[PDB]
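Since every read-out is calculated from the coordinates, none of them should be taken as a lab result. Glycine also receives a Cβ, built like all others from the backbone with ideal geometry; neighbour counts cover every protein chain displayed.
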Amino acid sequence: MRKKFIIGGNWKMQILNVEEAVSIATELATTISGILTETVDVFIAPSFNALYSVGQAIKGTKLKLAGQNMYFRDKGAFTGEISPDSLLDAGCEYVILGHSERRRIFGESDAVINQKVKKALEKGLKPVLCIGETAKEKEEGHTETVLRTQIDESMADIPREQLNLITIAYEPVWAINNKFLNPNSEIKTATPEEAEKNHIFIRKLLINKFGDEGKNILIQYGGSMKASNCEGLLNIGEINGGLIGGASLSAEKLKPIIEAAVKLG
Amino acid sequence: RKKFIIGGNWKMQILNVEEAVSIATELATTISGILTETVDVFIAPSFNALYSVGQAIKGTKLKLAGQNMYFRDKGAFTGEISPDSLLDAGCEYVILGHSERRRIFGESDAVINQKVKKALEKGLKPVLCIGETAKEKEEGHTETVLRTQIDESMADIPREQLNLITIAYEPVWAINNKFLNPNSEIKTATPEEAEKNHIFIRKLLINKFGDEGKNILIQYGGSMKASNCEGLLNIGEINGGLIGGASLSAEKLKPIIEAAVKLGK
């Protein structure tokens, strides 16, 4: 009956050397060992170059490993792409898919992301499927249309018996202070009130499409989450974790977030 | 003595780190006994294996390459790999603008241009790939496509960094793939076509860069295997090969390396 949380750390392209990634990952695994995390899963997503060495270093700990992306085929002539099998080889248990940077900077479509989600489930990877609308989309009244389109098309044709492996992360891309992502629009403050609104909307969509299996899909908040605001956000009913950016780059920054999730479970 | 660079692009064909290390170790041993004074050999494993392969082949004659990278050192780029991560793994080369990146994953010349300049700033040797599709070739746009790729991918490169660049010409038009070449007859590539394109590329490089442009080696990036490598390497303006399937084993790659050595005496 206790609230479950997944705290995911997306290291993006911030940790460059394998030695540093392993050092941070080991320090985080050491820190969370003592925290009573029966109701809270914690993963980090290092860059591809460090996955294998990090997985070696944190094997047997409570810290889980994720890829930041993957291709939707197992092997072939895809220069620069990473196979789901390579994630598994490194010990990954999760994979982030459809992150707003993949969608909006690198042009990954819902159809491409849908293929990757289905592949991850086939491979036994737990996909963290990210969705979210830009400032122009929100200001022009398309928040609901965009999020529905992304759910419908990124999760097209998923076997219902595989749905329990899926986590959704909502990204309020409209709130990112980046004129590339949000060229011609005001950049508004991501409030907890907005976050609750969006998470309730996503829950209703998941219920409508999938019924009971849909109630069970955890929705991480993917806006900015740090020590100073994590308790307010994680206490919102339909927020069941966080996909964390800068605050996941050290155990010192991430520990208060994990502590808040544990307190609330 | 004619110089050659023989580059193995493993694409997404080798999934596990252990297999990547075993093949790389076998290849480093294979070439240790071959007199390769005028022939540089590199392999480009996938990102997950770079660090381990770099460890296994440190101090051998086998050089290491990345298949791609981003054009910033660090930042919020989920799924991207920094040039610093390539350097951390021991990479000396990086493949940039490979046809799969351009044509499947939509990398523009402006993006590839930033990657090339970044690679040079970092001291990496870029292998800049160019090439036209079957539609472009059939419409008579081969020269316009290659010139556009050369002008825009190489824009603003400092003349004194230019000796680090290798060009690889890809006859994408010959690739038996309807996604790349949807509405055109797919023709098999010939050495005579290869020579024509390589000579044209040489002319453009001398027109742009004078004597520095004569020195830029041009790899052939079409299908090169034991059975046809000697004929191709034998062509004046072909100074190596960017090798796909035949670089996945020492047995398949050694006769290409041996042909280049024979032609480099």
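Observations, loosely collected:
- A cut-off of 5 Å between modelled amide H atoms, ignoring neighbours fewer than 5 places along the same chain, links A:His99 with A:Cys130.
- Other residues lying with their Cβ under 14 Å from the Cβ of A:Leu16 contribute a combined charge of -1, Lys and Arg counting +1, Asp and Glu -1.
- Trypsin sites (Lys or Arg not before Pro) lying in DSSP loop within the range B:41-136, provided at most 12 other Cβ fall within 10 Å: B:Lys58
- With θ taken as phi - 60° and the Karplus curve 6.51 cos²θ - 1.76 cosθ + 1.60 applied, the whole-hertz 3J(HN,Hα) list for the range A:6-21 is 10, 9, x, x, 9, 6, 6, 10, 9, 10, 9, 9, 4, 4, 5, 4 Hz, x standing for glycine and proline.
- In sequence order, the range B:248-262 has phi-based couplings of 7, 9, 4, 4, 6, 8, 3, x, 5, 4, 5, 4, 4, 5, 4 Hz under the Karplus curve 6.51 cos²θ - 1.76 cosθ + 1.60, θ = phi - 60°, and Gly or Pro positions carry x.
- Residue by residue, the range B:68-82 carries 3J(HN,Hα) couplings of 4, 6, 8, 9, 10, 6, 6, x, 8, 10, 4, x, 9, 10, 7 Hz when phi is fed to the Karplus relation 6.51 cos²θ - 1.76 cosθ + 1.60 (θ = phi - 60°); x denotes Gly or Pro.
- The mean number of Cβ atoms from other chains found within 10 Å of a Cβ in peptide B:103-114 is 2, as a whole number.
- Calculated FRET value between A:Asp212 and B:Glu19, using beta carbons and R₀ = 45 Å, to 0.05: 0.60
- Of A:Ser228, A:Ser86, A:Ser250, the one that fluctuates the most in a GNM where chain A has Cα springs shorter than 10 Å: A:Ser228
- P(r) tail, the range B:30-124: Cα-Cα pairs separated by more than 15 Å, 62% of all pairs.
- The protein assembly as shown: antiparallel DSSP beta bridges as a percent of all, rounded to 5: 5 percent
- Listed pairs A:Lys116/B:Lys178; A:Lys75/A:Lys209; B:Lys135/B:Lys254; A:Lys255/B:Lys122; B:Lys63/B:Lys137; A:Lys116/B:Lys225 exceeding 25 Å between Cα atoms: A:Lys75/A:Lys209; B:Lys135/B:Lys254; A:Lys255/B:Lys122; B:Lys63/B:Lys137; A:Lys116/B:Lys225
- Per residue, the convex hull spanned by the Cα atoms of the protein assembly as shown amounts to 150 cubic angstrom.
- Exercise: per-residue mean of other protein chain Cβ atoms within 10 Å, B:88-95: 2
- The amide H of B:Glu107, built 1.01 Å from its N in the peptide plane, has B:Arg102 as neighbours under 5 Å, considering only residues 5 or more places off or on other chains.
- Computed over chain A, relative contact order equals 21 percent, with contacts defined as Cα pairs under 8 Å that lie 6+ residues apart.
- Scattering curve values for chain B, log₁₀ I(q)/I(0), Debye with Cα scatterers, q = 0.09, 0.17 Å⁻¹: -0.37, -1.45
- Loop-located trypsin sites (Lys or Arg not before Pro) across the range A:1-92 with a Cβ neighbour count of 11 or fewer within 10 Å are A:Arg2, A:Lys59, with loop assigned by DSSP.
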